[PDB]
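A, B, ... follow the sequence lines: proteins, then strands. Residue 1 opens every chain. The figures here come from the full heavy-atom set of this structure, side chains too, leaving out hydrogens, waters and symmetry mates.
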Amino acid sequence: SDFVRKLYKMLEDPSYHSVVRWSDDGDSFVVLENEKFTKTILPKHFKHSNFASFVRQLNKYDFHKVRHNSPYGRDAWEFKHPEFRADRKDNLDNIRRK
Amino acid sequence: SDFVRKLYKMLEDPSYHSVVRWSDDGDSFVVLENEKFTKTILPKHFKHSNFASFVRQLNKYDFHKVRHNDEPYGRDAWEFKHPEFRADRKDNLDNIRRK
DNA sequence: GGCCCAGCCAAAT
DNA sequence: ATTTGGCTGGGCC
């Protein structure tokens, strides 16, 4: 998948660490800030600067937002797909448009 | 019931001029710095800080995002518009209903 | 009423 | 003709 491969490539660069990174477990990823992501990082990896079109694409590939009851950030967004993991770089094509 | 009046009230505040305000013609409103808007202004007036929800409510009330085309307020600006929602029509807010 | 996720068309490919 | 971006809507809670 084109989008998925690019999502994983994004999460390789540590310069982004404080803004968008893998979670501690490595089984989900966290968008910690929004503005610098939306303005600086989204454009460089995807064809938009619109956080919500990013979100929309995630739901199309069956990623789900993980709901907090605070753990990562006040206004952080965490997304998780069962197959999308830091250690499973091989299994990316298994993630596909619902 | 409450949304439209509060939205109108929000736009009565000039201190927010750089962030969110009425459009030149007073017939639509524009969010210019949605980070600042989202994190400072939204909670004040609607008690959440998620732009997506603000957008969702807007569509529920039949507001529409006004797609700009080359020739606005910045490309990261979001302009929203309802025929009956206007700077000079504080009297008409009841006719803006959940579609 | 906030919010996740999806419908549906257009804008790109 | 097919894919990707984005405005809008459905429905849980």
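Listed pair A:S53 / D:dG5 fails the phosphate criterion, with no side-chain N or O lying under 4.0 Å from OP1 or OP2. For A:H48, no side-chain nitrogen or oxygen approaches OP1 or OP2 of D:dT4 to under 4.0 Å. Dashed line: the shortest gap from a side-chain N or O of A:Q57 to OP1 or OP2 of D:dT4 is not under 4.0 Å. Look at A:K47 and you won't find any side-chain N or O under 4.0 angstrom from OP1 or OP2 of D:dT4.
For B:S53, the side chain to side chain contact (heavy atoms under 4.5 Å, CB included) criterion is met by B:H48, B:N50, not counting sequence neighbours. For B:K81, the side-chain hydrogen bond (donor to acceptor under 3.5 Å, both in side chains) test picks out no residue, with sequence neighbours left out. In this structure, the side-chain hydrogen bond (donor to acceptor under 3.5 Å, both in side chains) partners of B:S15, at least two apart in sequence or on a different chain, are B:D13. When the ring-ring contact (aromatic ring centres under 6.0 Å, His included) test is applied to B:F63, the partners found at least two apart in sequence or on another chain are B:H82, B:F85. Partners of B:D24 according to the side-chain hydrogen bond (donor to acceptor under 3.5 Å, both in side chains) rule, which considers only residues two or more places apart in sequence or in another chain, are B:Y73. Every residue two or more places apart in sequence or in another chain was checked for a side-chain hydrogen bond (donor to acceptor under 3.5 Å, both in side chains) with A:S49, and none qualifies. Every residue two or more places apart in sequence or in another chain was checked for a salt bridge (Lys or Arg N to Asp or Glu O under 4.0 Å) with A:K60, and none qualifies.
When ring centroids are compared, B:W78 and B:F37 stay outside the 6.0 Å threshold. Aromatic ring centres of A:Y16 and A:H45 lie closer together than 6.0 Å.
Taking a 4.0 Å limit (strictly below) on heavy-atom distances, residues 92-99 of chain B reaches DNA chain D at B:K99.
Distance CG (B:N59) to P (C:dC9): 16 Å, rounded to an integer number of Å. Counting to the nearest Å, the P atom of C:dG2 and the CH2 atom of A:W77 are 14 Å from each other. The interatomic distance linking A:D2 (CG) with C:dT13 (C1') rounds to 11 Å, in whole Å. The CG atom of A:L42 sits 12 Å away from the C1' atom of D:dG5 (whole-angstrom rounding). In this structure, the CD atom of A:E78 is 13 Å from the P atom of C:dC4, given to the nearest Å. Atom-to-atom, CG of B:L58 to P of D:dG9 comes out at 12 Å; the value is rounded to the nearest Å. Note: CG (B:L7) to P (C:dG2) measures 12 Å, nearest angstrom. The separation between B:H64 atom NE2 and D:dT8 atom P is 6 Å, rounded to whole Å.
For the atom pair CD of B:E33 and OG1 of B:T40, the computed distance is 9.0 Å after rounding to the nearest 0.5 Å.
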Could you list the donor-acceptor pairs under 3.5 angstrom formed by side chains in residues 92-99 of chain B, with sequence neighbours left out?
unit_1: B:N92; atom_1: ND2; unit_2: B:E84; atom_2: OE1; d: 2.7
unit_1: B:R98; atom_1: NE; unit_2: B:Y61; atom_2: OH; d: 3.2
unit_1: B:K99; atom_1: NZ; unit_2: B:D62; atom_2: OD1; d: 3.2

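Listed by first and then second residue, the salt bridge (charged side-chain N to carboxylate O under 4.0 Å, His left out) pairs involving residues 41-57 of chain A amount to none (not counting sequence neighbours).
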- Message: Only Watson-Crick and G-U wobble pairs with both distances less than 3.5 Å should count. Give DNA chain C in dot-bracket notation, marking inter-strand partners with |.
- Response: ||||||||||.||
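Between B:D62 and A:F54, the one whose closest nucleotide on DNA chain D sits nearer the 5' end is A:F54.
Using a 4.0 Å heavy-atom criterion, one finds that A:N50 contacts the sugar-phosphate atoms exclusively.
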Protein N or O to nucleotides 11-13 of chain D N or O, pairs below 3.5 Å:
unit_1: D:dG11; atom_1: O6; unit_2: B:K60; atom_2: NZ; d: 2.6

